[PDB]
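Protein chains in written order, with the numbering used here: chain A, 587 to 636; chain B, -5 to 11; chain C, 433 to 530; chain D, 327 to 664; chain E, 779 to 1113; chain F, 6 to 106; chain G, 181 to 247; chain H, 801 to 1043; chain I, 699 to 746; chain J, 5 to 53. The structure under discussion appears below in the form of structure tokens.
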Ligand SMILES: [Mg+2]
Ligand SMILES: [Zn+2]
Ligand SMILES: [Zn+2]
Ligand SMILES: [Zn+2]
């Protein structure tokens, strides 16, 4: 027995999940905040514990 | 304490890989 | 200030003396083959090879080294005139060569 | 900005001469001197007179449906995924520019780094003039290595000259080992007695449980710190008797031994190492570029030229100056010198 | 001199063994067991689950330091090596958190795991005999409660702190039976790994393998293993009166005492002595005392991180030294 | 049959042995110092010392010069046997004190 | 940021001592020295790891972007 | 220089050659050039080579020689209070070489009650390890701190300290190994005399032995500076005050 | 001598011409290639 | 023999860039002397450059 291993946006103001459409706007839908952050990717990231 | 743990157990890590 | 003015005199003198080199007839000449010194330092001696006080040989160290390297208790010391005889057998051919 | 390194002021291993430091491996392993770099890259999806704008379309794949290597950490939007490692050659902003600013010439933002980075922030926004603004923050965890620069608040800087294993380090009666070994020859000429007083004050401070003071024209008095050291069982002067790590014998000198505040300076050899064989040359001079970022070559100046002439190395002069900088096979007329 | 390290006011003397033939005209001190066997002695002072203190008596510095070095750097232990992050929305960076998890010492006894072969493929390197898999799934949420406004975070939120004990042992393959009676837990379960606010989560798995303290500090089994020579204080002439009390103050509390009746200061317990050589700075006791350390009497203190007992660590170090000598002996010498 | 562990350095070797340098890879001060001590405890050995020529390499160079009674290889083999015996004595005494406690 | 798991010098586990040291200082208030000695931090390197640590993570968490 | 490929990211140089470069390992950077032709390569290594340039051309004085910790380690070895038994002596000689050099062990300076070698014998073996070594050095030198003998008629080696170095047949018969006899600027240097009599290769061999020996010896001997080293004694307080 | 990082040794090359004396060595360096340090980065053929 | 051999060795070799060497030999020690006039305290001489 062996082993293997082991477009969401966040408004910088209200911390809400957003989905940016194709060429709509770059603003939050809840507040008017104009700064959006990519949420952490879903895929696996492997780090050497050193 | 006062136990000879090394005699009881057959070691494996200690041998060189 | 020193780091600003580092390599100023070096560069200036480099432009002055850059082309001077020793020739195969023991002369120092310009690139225009003009004689600056008929012999370097009036001596012909390289300052990189001076072991004395700007003199080519350190006589005291050389004598001690020779004594130690050729030492043998089973050896005969020359009489004071015989030391000069050996010295004048070596030197004197080279003295009359010149 | 710094860490309290356990410091032993002693000559050691011969890699600590002329200000070089001896760093303890396994102090580094436990996080001593660890730091991260964070760098920002800004792009603007600008707008154009012909009612056109740039795009971030991308993340193309190969036959299997698997993303190509250059797009390995990209994500559907064409902006490098947050959390993913980006290696040298990989794309983290997929900027396409119109060919007639319909068709889009690729202008991807490539990561060109000797060491891999990680994407920790991707900020999508607009600037005051209405047009999209992209910022991607790349973080790079750094582990101290040979040539990394440290300083001790007293002007005694110096690079890491060797990283030795903990067992090779000298140890005291309690098994404490230095995190850093500061060579004792840096003291007599620089005359930083404040560094010694700081070592003793910090040692008495940790033993007593109190942060001490080194305030100018004042601070914690040396005799009071000595009293604390003696009351705790240590020598008043801060010199513990140590055992050699490599032999185990008592060192014949008592070693000045205690905590010193150390700063890791921004100057890290990872950002300084540069090597050019052949690369870009200037369009005008046909000579190697002048920038470490532009893979530039190292200038051989007039003073180095003077040194090489003084050596009388004519062929080396030719090789360094003409052949390996700019050698041009010209055609020269023998009638007109043109 | 003669087996005693001299502790002077400005130097340390007589630190080398001088127990070999060719030290003196009497080519004595040739090696032989049945002389070393009868002179060598072990006196154990204390034993815990995490600390031991014993005296290797009548042994050379090279051998004692060989054991110490082996314990620190060459005795294998188990620590997390690779951390796979499914989700990490805390302020602590992924690699910082991974390094911390690596520094968490696991209570898995080595010799339950085999060394990982790194020549194998990545898909074929980790097995149920090579690896311990620890997961960590924490999501921080606001406490559905209402205590005093702006109180300590332990009750404003849920899972506001991530401890090492939150690392869960995940048996793989046949470890479900091998480790059924000794489940893998942190040696120190209150180790604070990360602090997170509501909406932040840390999801990961960590592969833990055998390693060597020389390869990385996290693998070292001892939070410190070291020794020290046995202090020796020789009161050359009687000290009496208040001068005896000052002499007593020059040393830690229990080291020397004042005899009742004689009022002379005598060495009560030199083991408790730290050699600060405070007495060697007063010029009153300059010729009334000699400080020293017995050069072949080593007071070992071995405090274990927690994966194995300190006496086991020391025995493993002696066995490692013997094994490397024997491996060299068996190896043929190549031109 | 490990053919890479311990090598004999021929440039450092004399005629008829009695003086030889051995190169031992994957070794450091730990084995070097104990081995040197045990080897010096041999009457025929006139010279023993090791050196790790560079920290970058896991390599140890141990030099043995003897008088004519034995060769450096024999002194090395005896040193390894004696180190094994010493560690065996240490093991027995320590396990006995553990059992007694 | 957050307290190191291990003393940089000895390697002793000090990461399980930060909350208990804070509690010893705040509740049943003691001196820093006595609080450090009550936790078994005898070596001065281990004492340094706790005495000089600046708990910046608690400040960094005031800027939580996922509130 | 001859390139030596190594794992880390720095150019590394032996500290003896820091003086010609005026380099001090505090973030100093240096430039490496690879000549690309056979002619340039030969010119570089034969005219600009380190062994061919142990002396400065401005005065002929050595410029590549022992630097600080090397000087101090040499001083601490040759200090008149240094004695070594056979085991310590041979370990020192193995450190000095790589363990790949044969040493002819001389008779000990002290034969009773114990067999002990002085540190000057250690350095004599550094200059000339075995009888196959051609380096036979004879040298007289005044150490940088030379107090004269008690009598104006005594020879200089009778200095009240080890202020005078006598070397006869590669044997150091008096005097500590100071900067004046292992460093720069003096033509009575040990390495200068080795150079002038036997060539750059042997001079560099001796310098390499000294560098390796000091680099291993000082760490295991111990040499530290402390507050007590710069604390004035209590009498000097009163003396300086009234003075 | 000077210690040179293997990282810069893998970019700083020397243009060694193949003779009857070093052909086997240069073939081995070519096989190692641009990434294994005792390797080679470029080959200039005789008649190209 | 030693003295004569050393005297022969001392002779300046033809081809030497002795002018450039002299330039650096006169301009190197100059790179350690102050541009402004500093004098030992108590000399009280004429303010000579
Ligand atoms: Mg510098
Ligand atoms: Zn919003
Ligand atoms: Zn024409
Ligand atoms: Zn500690």
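Even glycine gets a Cβ: it sits at the ideal position worked out from N, Cα and C.
Its Cα nearest to that of residue 579 of chain D, the residue E:788 stands out among E:781, E:788, E:807, E:784. Residue-level contact by beta carbon fails for residue 524 of chain C and chain J, as no gap is shorter than 8 Å. Taking 8 Å as the upper bound for CB-CB distance, residue 182 of chain G and residue 237 of chain G are in contact here, some 5 Å apart.
Taking the Cα positions, residue 831 of chain E is about 59 Å away from residue 405 of chain D. Residue 987 of chain H counts as buried, since no fewer than 16 other beta carbons sit within 10 angstroms of its beta carbon. Residue E:880 holds the alpha-carbon nearest to the alpha-carbon of residue 996 of chain E among E:1086, E:944, E:880, E:1093. Between residue 582 of chain D and chain H, the shortest Cβ-Cβ separation is below 8 Å.
Contact with chain J is found for residue 638 of chain D, since one of that chain's Cβ atoms lies less than 8 Å from the residue's Cβ. Between residue 83 of chain F and residue 47 of chain F, the gap from beta carbon to beta carbon is short of 8 Å.
The continuous alpha helix (DSSP H) containing residue 81 of chain F extends over residues 77 to 105. For the pair of segments examined, the region 447 to 458 of chain D was found to touch the region 609 to 620 of chain A: the number of CB pairs separated by less than 8 Å reaches three. Residues of chain D whose Cβ lies closer than 9 Å to the Cβ of residue 1071 of chain E are, in chain order, 567, 576. Identification of chain I residues near residue 601 of chain D by a Cβ-Cβ cut-off of 7 Å yields 706, 709, 710, ordered along the chain. Within chain J, the residues whose beta carbon sits less than 9 Å from that of residue 858 of chain H are 25, 26, 28, 29, 30, 32, 33, listed in sequence order. For residue 891 of chain E, same chain residues with a beta-carbon under 8 Å away, outside a window of 5 residues either side, are 856, 907, 908, 909, 910, 987, 988 in chain order. In this structure, residue 616 of chain A has its beta carbon less than 7 Å from a heavy atom of ligand 2. Closest by C-alpha distance to residue 947 of chain E, out of E:957, E:924, E:927, is E:957. Going by C-alpha positions, residue 999 of chain H is about 10 Å away from residue 935 of chain H. Any Cβ of chain H closer than 8 Å to the Cβ of residue 526 of chain D would place that residue at the interface, and such an atom is present.
In the three-state reduction of the DSSP assignment, residue 390 of chain D falls in the coil class.
Annotated three-state conformation of residue 1015 of chain H is helix, per DSSP.
Sorting F:29, F:18, F:25, F:19 by C-alpha distance to the C-alpha of residue 11 of chain F places F:29 at the top.
A residue is called buried when at least 16 other Cβ atoms come within 10 angstroms of its Cβ; residue 972 of chain E meets this threshold and is buried. Shortest Cα-Cα distance from residue 844 of chain H to any of D:546, D:639, D:661, D:653 involves D:639.
According to the DSSP secondary-structure assignment, residue 585 of chain D is paired through a beta bridge with D:332. In the DSSP assignment, residue 624 of chain A falls within the beta strand (DSSP E) that extends over 621 to 624. Under DSSP, residue 1007 of chain E takes part in a beta bridge, and its partners are E:1076. By the Cβ test, the region -4 to 5 of chain B is not in contact with the region 733 to 743 of chain I, since fewer than three Cβ pairs between them sit closer than 8 Å. The alpha-carbon of residue 861 of chain E is positioned some 6 Å away from that of residue 632 of chain A.
The Cβ neighbour count for residue 8 of chain J, taken over all protein chains shown within 10 Å, is under 16; the residue is labelled exposed. Set against 7 Å, the gap from the CB of residue 826 of chain H to the closest heavy atom of ligand 1 is smaller. The beta carbon of residue 1006 of chain H is closer than 8 Å to those of 926, 927, 935, 990, 991, 994 in its chain, skipping five residues each way along the sequence. With a threshold of 8 Å between beta carbons, residue 703 of chain I makes contact with chain D. Below the 7 Å Cβ cutoff, chain G contributes 241, 244 as neighbours of residue 975 of chain E, in chain order. Between residue 886 of chain H and the set H:1001, H:916, H:877, the nearest pair of CA atoms involves H:916.
Among the bridge pairs identified by DSSP, residue 1112 of chain E is matched with F:12.
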